[PDB]
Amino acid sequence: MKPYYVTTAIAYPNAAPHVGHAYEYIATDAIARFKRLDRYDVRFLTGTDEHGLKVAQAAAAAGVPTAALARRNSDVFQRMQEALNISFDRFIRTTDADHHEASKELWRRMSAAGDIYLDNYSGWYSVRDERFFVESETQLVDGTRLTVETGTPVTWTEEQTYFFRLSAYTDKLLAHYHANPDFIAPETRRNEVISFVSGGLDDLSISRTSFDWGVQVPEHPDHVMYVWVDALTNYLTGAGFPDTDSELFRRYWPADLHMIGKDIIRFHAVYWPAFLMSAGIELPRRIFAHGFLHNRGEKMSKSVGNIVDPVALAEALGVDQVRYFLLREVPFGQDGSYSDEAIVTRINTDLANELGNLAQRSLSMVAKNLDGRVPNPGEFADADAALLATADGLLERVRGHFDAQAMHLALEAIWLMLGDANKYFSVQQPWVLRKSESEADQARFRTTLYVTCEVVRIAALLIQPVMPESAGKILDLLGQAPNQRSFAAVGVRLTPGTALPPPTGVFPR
């Protein structure tokens, strides 16, 4: 029962949630659930990042106070995650009181280590990215200043702000990345982060004067904290900071994994660790940056109205079918395309057929031909034993894949096994054998059928992280109790004589 603390990046509630958000929550819910089934004590944090201009500007364009849009749109994210069956332990909002408190304390410590200082800032702020750029990192295109990287507009900003002594931590960071090879995944993202930090870091503005929407800097009410300082702090707040001598913080911090997307990696792999080093806090163990998801182009909303609502998509296709597609279509870490044709055919071949047809055809035979009881198998032939051996070795393989955030390869391995089982079912042809008078073929019918059920049972157990309801539905159909559904149950075979209730379809769609 070792602790495992796993977090998602928290979303700006400035707009409705797109599929990219639901991708991050689903991948992380898969990891969370796998760990619970594998006997870890999981704390799973998600939520919203309610401060900053980006949110304040969306409020004024609506014609409403900022805190109103914050609570309303935060509820939409929360309700969306309920629908997608995200098993978060806490949903953190940055307006929360204890969060305000956690941030003040983090600042107090960075002050107390001599890493915050007042100075004049001049430069370009992108409200859409909540982030500063130097003039070199912007282009003038038809009389409009856009960032070179993202193509987003920028604002000239002259203010007096508190800075963080980020340049002091360049080599301590490089030391850390070197000593902890698995701190940043995937490996492509690691070498990018190492490139940037080797170029040298400049000090970082961490307060704002021009607006009041945010956590006030302690002993300087005239300032609010840069939204990213307070936002990163949510991970500390999710484990009971500032009370560092509490059960939660002692148990769960340091976080075992931050799931984020590749655009916010610098905040998590450079700025966040430096703040923590400054404040004398233990760093997180690992950061996995997942790739973007397109609609044949990045989803642009207004530029191209090609957004994909995951709640619509979940009602359109089923929650579990969407969670399977997102974790199967794309290799986790790389960029990928969503398309309406790709998902339907994926759901059709992988779930409707390879999995669900195999289950219905075996579970129906049990109901018709065997009085709805699990059969007693005899001596397993070599083809039976080879199928049972691949399936008995899945838990180890899938476990390895989940520990590198390669959920896609776990699913591939589980489906290569199902593909063997279908071929096995075709070549053993039990539909022939059930209609026979000799007791040899009747025992042989009972054996083949038992194997197919025992294989499907294993698949169901291992698919619980990705498809909780549909996995559970199959385990119901195989007569499994509510205490025989953890990964310990993978090792314990399907007992002959169990009553299987009358087959209903797992994927009515």
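In this text, residue numbers run from 1 along the sequence as written.
The mean Cα B-factor in the deposited entry runs higher for 436-444 than for the other of 436-444 and 45-53.
Mean CA temperature factor is higher for 152-160 when stretches 272-280 and 152-160 are set side by side in the entry. Out of 400, 305, 186, 318, the entry records its largest CA B-factor for 305. Looking only at 237, 357, 180, 94, the residue with the top Cα B factor in the deposited structure is 357. Placement of the Cα temperature factor of residue 352 within the chain: highest third of the modelled residues, per the deposited record.
Remark: residue 471 belongs to the middle third of its chain, ranked by C-alpha B-factor as recorded. Among all modelled residues in this chain, the alpha-carbon of residue 338 has a temperature factor (C-alpha) in the highest third.
Looking at the C-alpha B-factors along this chain, the one for residue 90 belongs to the lowest third. When the modelled residues of the chain are ordered by C-alpha B-factor, residue 453 sits in the middle third.
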